[PDB]
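As structure tokens, the structure follows; a few thoughts come after it.
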Amino acid sequence: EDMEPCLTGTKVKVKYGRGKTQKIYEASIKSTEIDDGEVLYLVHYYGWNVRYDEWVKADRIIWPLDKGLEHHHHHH
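Numbering (the entry's author numbering), first residue to last: 1 to 76.
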């Protein structure tokens with residue numbers, strides 16, 4: 001029993017900056033929700049905290065879209 005999750009399989013680039021905790025990570029989308037008017041994503045850091053993960057807004061995400069992006073044989 002399943003349902004289609006919120007755009008899973010998509011690895012994106014995520015920024016998160018607060019104080020010293022400023023990184024730009026590669027993460028996979030787990031789920032997406034609308035939390036108080038805005039859409040927040042629950043992203044899964046690839047190589048980091050694998051249980052709780054983190055919530056970031058669309059603003060802090062770099063979506064795969066051609067900005068001069070490679071599409072030959074990594075992810076066509």
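The C-beta atom is built at its ideal place from N, Cα and C for all residues, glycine as well.
Taking the alpha-carbon positions, what's the residue 18 to residue 70 distance? Translated into the one-based positions of the sequence shown, residue 18 becomes position 18. Translated into the one-based positions of the sequence shown, residue 70 becomes position 70. Spanning the two alpha carbons is a distance of roughly 30 Å.
Can you give me the start and stop residues for the beta strand (DSSP E) that residue 35 sits inside? Position 35 of the sequence shown, counting from 1, holds the residue named residue 35. Taken as a continuous stretch (DSSP letters only), the beta strand (DSSP E) holding residue 35 covers 21-35.
Can you tell me whether DSSP reads residue 60 as helix, strand or coil? Taking the first residue of the sequence shown as 1, we reach residue 60 at position 60. In the structure shown, residue 60 sits in a helix (DSSP, three-state: H, G or I).
Give me the DSSP bridge partner(s) of residue 78. A query on residue 78 cannot be resolved here, the shown segment of the chain reaching from 1 to 76 and no further.
Which value, in whole angstroms, describes the spacing of the CA atoms of residue 10 and residue 28? Translated into the one-based positions of the sequence shown, residue 10 becomes position 10. Translated into the one-based positions of the sequence shown, residue 28 becomes position 28. Cα to Cα, the separation comes out at about 6 Å.
Exposed or buried, residue 52, counting other C-beta atoms within 10 Å across all chains shown (16 or more means buried)? As a working note, residue 52 is residue 52 in the sequence shown. Classification of residue 52: exposed, given that the 10 Å Cβ count is below 16.
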